[PDB]
Amino acid sequence: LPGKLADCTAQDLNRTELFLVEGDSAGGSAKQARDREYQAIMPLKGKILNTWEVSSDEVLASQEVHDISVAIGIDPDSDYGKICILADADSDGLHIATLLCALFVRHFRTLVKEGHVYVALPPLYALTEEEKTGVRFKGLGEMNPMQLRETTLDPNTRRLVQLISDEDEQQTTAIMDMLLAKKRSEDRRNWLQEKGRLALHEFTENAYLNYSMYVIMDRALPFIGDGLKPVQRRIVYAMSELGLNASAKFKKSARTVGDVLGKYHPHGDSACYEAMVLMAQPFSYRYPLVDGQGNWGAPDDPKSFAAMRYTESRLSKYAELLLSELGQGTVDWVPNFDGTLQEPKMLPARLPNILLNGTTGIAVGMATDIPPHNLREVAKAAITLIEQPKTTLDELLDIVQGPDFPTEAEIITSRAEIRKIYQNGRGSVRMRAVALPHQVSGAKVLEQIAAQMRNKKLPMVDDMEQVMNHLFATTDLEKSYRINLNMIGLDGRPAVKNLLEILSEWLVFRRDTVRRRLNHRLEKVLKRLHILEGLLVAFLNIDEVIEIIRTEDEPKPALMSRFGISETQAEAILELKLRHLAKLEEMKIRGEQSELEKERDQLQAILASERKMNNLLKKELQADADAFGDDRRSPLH
Amino acid sequence: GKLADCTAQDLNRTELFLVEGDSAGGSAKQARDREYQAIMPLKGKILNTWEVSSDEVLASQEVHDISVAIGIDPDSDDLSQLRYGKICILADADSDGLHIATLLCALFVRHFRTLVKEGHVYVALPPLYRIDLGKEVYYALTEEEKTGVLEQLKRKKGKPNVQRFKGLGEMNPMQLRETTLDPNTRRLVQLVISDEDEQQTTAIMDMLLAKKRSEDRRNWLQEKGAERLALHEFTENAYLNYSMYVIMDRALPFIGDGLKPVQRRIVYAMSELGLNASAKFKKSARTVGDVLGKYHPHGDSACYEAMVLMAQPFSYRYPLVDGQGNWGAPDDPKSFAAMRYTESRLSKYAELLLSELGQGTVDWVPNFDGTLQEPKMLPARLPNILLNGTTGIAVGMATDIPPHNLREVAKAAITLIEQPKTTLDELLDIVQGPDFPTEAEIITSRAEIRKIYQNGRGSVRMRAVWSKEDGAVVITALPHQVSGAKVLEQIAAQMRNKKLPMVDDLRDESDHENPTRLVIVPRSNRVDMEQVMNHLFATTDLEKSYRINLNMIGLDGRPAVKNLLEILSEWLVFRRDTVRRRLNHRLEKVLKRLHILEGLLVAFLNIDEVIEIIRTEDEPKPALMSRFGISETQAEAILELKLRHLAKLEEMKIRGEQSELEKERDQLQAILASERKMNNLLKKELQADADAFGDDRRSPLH
DNA sequence: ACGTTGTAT
DNA sequence: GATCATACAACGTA
DNA sequence: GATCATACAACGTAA
DNA sequence: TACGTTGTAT
Ligand SMILES: Cc1c(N2C[C@H]3C[C@@]3(N)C2)c(F)cc2c(CN)c(F)c(=O)n(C3CC3)c12
Ligand SMILES: Cc1c(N2C[C@H]3C[C@@]3(N)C2)c(F)cc2c(CN)c(F)c(=O)n(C3CC3)c12
Ligand SMILES: [Cl-]
Ligand SMILES: [Mg+2]
Ligand SMILES: [Mg+2]
Ligand SMILES: [Mg+2]
Ligand SMILES: [Mg+2]
Ligand SMILES: [Mg+2]
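Set out below in structure tokens:
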């Protein structure tokens, strides 16, 4: 009874049904459409605790799962008629459902075995990946109440599957274990590699697979090319589309988030703006992508930033390295979730942003932790990798000292230990205050030292080398950071890559991006010079050209025959303004043609010779490093 | 509780700051000097602690924490335990900041008189703009000061960037310190009360914060229509700007379009986003975001709530917005999904306010920051002020206008055009009265309704429609803004108390086919349900009354109570003015094109000479004007002519376009010359719009 | 004395 | 992303 | 519009 | 050894 749960009037377990909703917005919609005669609704605000390794008392401690036990009416000792798990048809809905299956299997085994647990099947357009078409349905929160009933609640038109067989009781209790075990993380990763009414063992496996693979590919793991996660990539592109360049005026962040959510990113607003705040804080990102006005947090409390309604943002000058060459046919374009617009799959990075800024993410079965590096050092290293492709990691380490965090603290890790980090791909680096380390709160540090001062462990402080060495190991003045160079490569699969594999693989992405840029510019220079050629022919024969237009009824074929010109050439003559007949506009055309002719052969030459293109890459990397590069902040020793 | 405390305890150097926004308060705590500055954010508005008792002030959590932080009890003469030296009221520079300040002054004047009289209360002056040109940075608390800085920088290289602060929440912590917190560069005025001014200060503030003295405030608005500062001069000017602001820029609607500013900025912003009735739905969060960033600098919740109301068919007679998702239900109108979940779009009825927008029919004023332009009104093809009606609460006055039927109001406007001497008695035969979005009947008599539309004020009553079937009462339609669940709870509560022992059961059969169906079963047929029904009409919400106060901002730009004849008569003046502006606008477009088409035909007839002039003369624009006696605007059209247009077919297309435009030229000039010809147009458009958007009467009158 | 209404904090 | 408490006019029922 | 609790991978810290 | 962190997600 207790709790914000809609109760049903009838008490006949044979006809009564209880529904567990994922979103509170969807729950409100479910309460409006439920049949009070035999339908009960309970909203589950947010995700539910993974009550698999939690004790019986711990399950009752969590407010969400506790209220679930009260509504169901069964205690976790296994001592309404149908309990239906109703969640959206998105990767999290399957995740929230799996967490509820783990709750019903371990603590309420009598409920799942008796057949009182159900799984609601919402439509996508057709729950499959459009497999029948070869022969968009908004989420439950965005669905109308009447549509939500015809889809999940109304028995005459719903799709409800009944969720442990006698022979499957062994595999159901074993499959879910490896899936929902915190320690069995390696068991889940190796399970994905192999994997790369309704049974409870078949549902949990398929459900957790879609979420595990989705979270890695479409959230936590970044793309090697632009070094951005999908949510990160969709933010920068939407800001460029909104005209929020470095020269434009600031715009309220709420509008930017609103467009990102409605256009490309169908997820929560808080998670999106938090990613925007991270890209804007100079103390969190080495080379921020966003510049904003207002309260964007402080080094002591990075989370103490004003709401998106009070802050105005705009892209930074550094962000131009990812979008300046976007519209020049350099990247593929895929449709968005609903398909009404197009989104770029990648961003043309003039510099390897994956190593410059670095990203730390947590996925299912795997994680990623990449530290930031200096711009001029990584740029000069990429230039050297173009000159001598056989360069070794030891030779590269001489150029790039190591990570460069947005702090003036010193890195105490030895050069020999750093070499092992970039060689094996995994490791940890340590920093010591000179300025506090990265993601170290100044206010928090004072509280730690004050507690030591209160106990009287350092009575001389109102000689310091001995005290400092003690505080480095006791307080946060010395902190380490784990390094796990994991990322989604060009092959579309995650893999741990060393420093040499990253720089080598990114230059392949850059050479491909430039090769696509040159083809784009070539077609514009060639077609324009092709159009201007016809104009001069028309200029020489304006008398005949104009006479043909005025006399002939349909001049499009006639113009092609009289001068042997192409259909596209004729349209340019027909679209010529009388103002262009002046002698000055002819000289302007003759001048424009002389310049364009020089550029035409250059693009075909660079695309033909690998040496000529490599010299360009070596030039662009140095040019971008001289403008956006900066000195080393955190020294390595 | 949530108060940042200072380490020092010296009252001579200690200062306390009261912030209006919690976001701004957090920013103030980051920039405060912990040595002697303490900050406490005041979430939301503060209780009007003028007529509240000393115990009531301690009951409200907001003001209670203020007394604890200050260290003085609401009993005067308690300054012996004061914690801080200076009490500063820090609020944003929008009209509410002056309101929040006045509410804090009322708290300090009545309950903490020792603080204000001793001179420990201060008023912070935040800046309105931030001008930066290079290393130099200046602030501008007033608009007259902003231009002064811009004019001063005109002699300096660079383009100054004028940054207007929407509020303390949008300011940087470092910027907030240099302006309000840092004593070396802040602007803090001392609010003191002289000995002789104590009588007027205690009297002036009373009329402003007195609940009963509402009429005294209304006549006060009509008449009103340094290091230290007196509190009677500050509170009077502060509350005046808020009182006038709320009337003009919030609650009271404009007679022309019948919309409040927030409503108009929503409908206009949606038209700019292409959200016409035919376009696809867009997430409401996007619409609200644009409305806030473009035109409406206020809270997001209050704006989206106004959008939701305009979309609910059970709240608006003719909704302006059509949406998908959970937009609430008649039982719980507030049970609507958040703006991030709902997608909206303008309704077909909204076309009556925007179809003529781009046709030069309304004035355009700049927005708050001046970067965009906003329409002052919307060209309403029908008087939306009476169709939808708006309920508002202002300072000193309020407005409550009920909805009416479209076809009835249109026919009344048509009749007033034909016979301008038509009386209200003749109009009441056309317009029965209010028409709510419910099938419940209006029980007010026609004679009592006539007094409502004549005096402008009054009240109407509605009663639920019911019919007893199978010996049991069945309620089919409830009054307007009457919740079915609330009605059932009231009747059930009476059943629980034993005040209705004759009724057997109380069921709610409301389904998707029948919107409202409440059944009341008696214990026997001998029980008279007519006697029980009459009791429930007086006991439950089955019978509800609605206040009527036809107050609105007229064309003269001033609020006034207007009767039914003054509304339709004043709107027809607004409509005739907008149509007269539409025709002049289209006329000027037809004239300018005919002036351009004239030059093209001249060029076609002398194409040989025209081209020869272009090739020979370096700049042919003047030569063309002299050789053919054509105008500069005509020459530019000739120069921008494509060679394809020299074909004989494209000439015939222009001669045909001219023959049609010449017909449209004389037609518009004829309607603009004769008032009778224009009245027949208005009489036609009103009937045309009524046949398309009009609908039957929903709430019957009996 | 309370409780409504709707734009505002 | 549901939950809190206020201003303002003013009438209607407990 | 500040405040609430969870999933997911594994380092470090003092236990 | 459980516990605290980290950042996109509900
Ligand atoms: C309701 C929800 C929370 N509830 C509170 C408690 C019942 C819970 N177990 C889940 C929460 F604690 C935090 C949030 C946050 C904060 N990052 C959100 F941005 C947000 O949009 N949601 C909803 C998208 C889930 C939140
Ligand atoms: C914080 C705030 C509320 N608190 C709750 C309790 C601390 C208080 N004394 C004030 C509230 F009860 C409601 C709101 C609403 C809802 N109409 C807002 F839109 C909003 O932006 N704020 C702030 C603009 C004021 C709200
Ligand atoms: Cl035209
Ligand atoms: Mg979802
Ligand atoms: Mg404000
Ligand atoms: Mg709500
Ligand atoms: Mg309210
Ligand atoms: Mg967290």
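Chains A and B are the protein sequences, given in the same order.
Reading the first sequence from the start, the letters are residues 67 to 703 in my numbering.
Reading the second sequence from the start, the letters are residues 9 to 710 in my numbering.
For every residue, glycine included, the Cβ atom is placed at its ideal position computed from N, Cα and C.
Quick one: does residue 212 (chain A) have its CB under 8 Å from some CB of chain B? Answer yes: the Cβ-Cβ gap between residue 212 (chain A) and chain B drops below 8 Å somewhere.
Compare the Cα-Cα distances from residue 43 (chain B) to each of B:69, B:189, B:61, B:108 and report the closest residue. Taking only the C-alpha atoms, the option nearest residue 43 (chain B) is B:189.
At a cut of 8 Å, does the stretch 237-253 of chain B reach the stretch 264-282 of chain B through at least three beta carbon pairs? With the cut-off at 8 Å, the stretch 237-253 of chain B and the stretch 264-282 of chain B do not touch.
Residue 438 (chain B) - containing alpha helix (DSSP H), residue span: Segment 432-438, the alpha helix (DSSP H) holding residue 438 (chain B).
Taking only heavy atoms of ligand 3 into account, decide whether any of them is closer than 7 Å to the Cβ of residue 154 (chain B). No, ligand 3 has no heavy atom inside 7 Å of this Cβ.
Identity of the residues DSSP links to residue 331 (chain B) by a beta bridge: For residue 331 (chain B), which the question treats as bridged, DSSP gives the partners B:352.
Quick one: which residues of the stretch 509-534 of chain B get their C-beta closer than 8 Å to a C-beta of chain A? List them in chain order. Listed in chain order, the positions of the stretch 509-534 of chain B with a beta carbon within less than 8 Å of a beta carbon of chain A are 516, 520.
DSSP three-state label for residue 572 (chain A), please. If DSSP states are grouped into helix, strand and coil, residue 572 (chain A) belongs with the helices.
In chain order, what residues of the stretch 641-661 of chain B put their CB closer than 7 Å to some CB of chain A? Within the stretch 641-661 of chain B, the residues whose Cβ lies closer than 7 Å to any Cβ of chain A are, in chain order, 646, 647, 648, 649, 650, 651, 652, 654, 655.
Please return the same chain residues whose Cβ sits closer than 6 Å to the Cβ of residue 440 (chain B), not counting the five positions on each side in sequence. Excluding sequence positions up to five before and after residue 440 (chain B), its CB lies within less than 6 Å of the CB of 709, all in the same chain and listed in chain order.
So if I threshold CB-CB distances at 9 Å, which residues from the stretch 417-445 of chain B count as touching chain A? If the cut-off is 9 Å between Cβ atoms, the stretch 417-445 of chain B has nothing near chain A.
What do you get for residue 209 (chain B), buried or exposed, if any count of 16 or more other CB atoms within 10 angstroms of its CB means buried? Residue environment for residue 209 (chain B): buried (at least 16 other C-beta atoms within 10 angstroms of its C-beta).
Any heavy atom of ligand 2 closer than 7 Å to the Cβ of residue 318 (chain A)? No, Cβ of residue 318 (chain A) sits at least 7 Å from all heavy atoms of ligand 2.
Is it the case that the stretch 228-247 of chain B contacts the stretch 110-118 of chain B, given that we only count it when at least three CB pairs across the two stretches are under 8 Å? Yes: at least three Cβ pairs fall under 8 Å.
Cβ-based burial, residue 338 (chain B) [other Cβ within 10 Å; buried from 16]: With 16 or more Cβ atoms within 10 Å of its Cβ, residue 338 (chain B) is classed as buried.
Using 8 Å as the cut-off, can you tell me whether the stretch 10-29 of chain B makes contact with the stretch 665-682 of chain A, which would need three or more C-beta pairs spanning the two stretches below that distance? Under the Cβ criterion (8 Å, minimum of three pairs), the stretch 10-29 of chain B does not count as touching the stretch 665-682 of chain A.
Taking the Cβ atom as the reference point for each residue, do residue 412 (chain A) and residue 555 (chain A) lie within a distance shorter than 8 Å? A distance of 8 Å or more separates the beta carbons of residue 412 (chain A) and residue 555 (chain A).
Please identify, using Cβ separations under 7 Å, the residues of the stretch 302-323 of chain B that lie next to chain A, in order along the chain. Listed by position, the residues of the stretch 302-323 of chain B near chain A (Cβ gap below 7 Å) are 308.
Cβ of residue 298 (chain B) within 8 Å of any chain A Cβ: Answer yes: the Cβ-Cβ gap between residue 298 (chain B) and chain A drops below 8 Å somewhere.
Tell me which residues of the stretch 348-359 of chain B have at least one Cβ-Cβ distance to chain A shorter than 8 Å, keeping chain order. Taking 8 Å as the Cβ-Cβ cut-off against chain A, the residues of the stretch 348-359 of chain B that qualify are 348, 349, 350, 351.
Could one say the Cβ of residue 612 (chain A) lies closer than 8 Å to chain B's Cβ atoms, at least one of them? At least one beta carbon of chain B lies nearer than 8 Å to the beta carbon of residue 612 (chain A).
Measuring CA to CA, which of B:341, B:50, B:323 is closest to residue 446 (chain B)? Ranking B:341, B:50, B:323 by Cα distance to residue 446 (chain B) puts B:323 first.
Can you name the residues of chain A whose CB is closer than 7 Å to the CB of residue 48 (chain B)? Annotation: residue 48 (chain B) has no Cβ neighbours in chain A at a cutoff of 7 Å; minimum Cβ distance is about 16 Å.
Consult DSSP for residue 148 (chain A) and reduce its assignment to one of helix, strand or coil. Taken through DSSP and simplified to helix, strand or coil, residue 148 (chain A) comes out as strand.
Give me the DSSP bridge partner(s) of residue 146 (chain B). Beta-bridge pairing by DSSP links residue 146 (chain B) to B:139.
Using a Cβ-Cβ cut-off of less than 8 Å, give me the residues of the stretch 259-275 of chain B that come near chain A, in sequence order. Interface annotation for the stretch 259-275 of chain B against chain A: empty, criterion Cβ-Cβ distance under 8 Å.
Under a CB-based cut-off of 8 Å, is residue 621 (chain A) close to chain B? Yes, residue 621 (chain A) lies at the interface with chain B (some Cβ there is under 8 Å from its Cβ).
Whose C-alpha, out of B:176, B:169, B:123, is nearest the C-alpha of residue 199 (chain B)? For residue 199 (chain B), the closest C-alpha among the options B:176, B:169, B:123 is that of B:123.
Label residue 89 (chain A) either buried or exposed according to how many other C-beta atoms from any shown protein chain fall within 10 Å of its C-beta, with 16 as the threshold for buried. Buried: at least 16 other Cβ atoms inside 10 Å.
Which residues neighbour ligand 5 when neighbourhood means a C-beta less than 5 Å away from any of its non-hydrogen atoms? List them by chain order. After applying the 5 Å Cβ criterion, the set is B:100, B:102, B:175.
Exercise answer, beta-carbon shell around ligand 2 heavy atoms below 6 Å: Residues flagged by the Cβ proximity filter: B:51, B:52, B:70, B:307, B:309.
Let me check you understand the geometry: is the CB of residue 159 (chain A) closer than 7 Å to at least one non-hydrogen atom of ligand 4? Residue 159 (chain A) has its CB nearer than 7 Å to a heavy atom of ligand 4.
Proximity to residue 330 (chain A) [Cα-Cα], best of B:290, B:691, B:501: Answer by Cα proximity: B:290.
Which chain A residues are close to residue 622 (chain B), counting only those with a beta carbon under 8 Å from its beta carbon? Ordered by position in chain A, the residues that pass the 8 Å Cβ test against residue 622 (chain B) are 644, 645, 647, 648.
Please identify the residue among A:118, A:328, A:119 whose C-alpha is closest to the C-alpha of residue 320 (chain A). Out of A:118, A:328, A:119, A:328 has the C-alpha closest to the C-alpha of residue 320 (chain A).
State the start and end residues of the unbroken alpha helix (DSSP H) segment that holds residue 37 (chain B). From DSSP, the alpha helix (DSSP H) with residue 37 (chain B) extends over 30-39.
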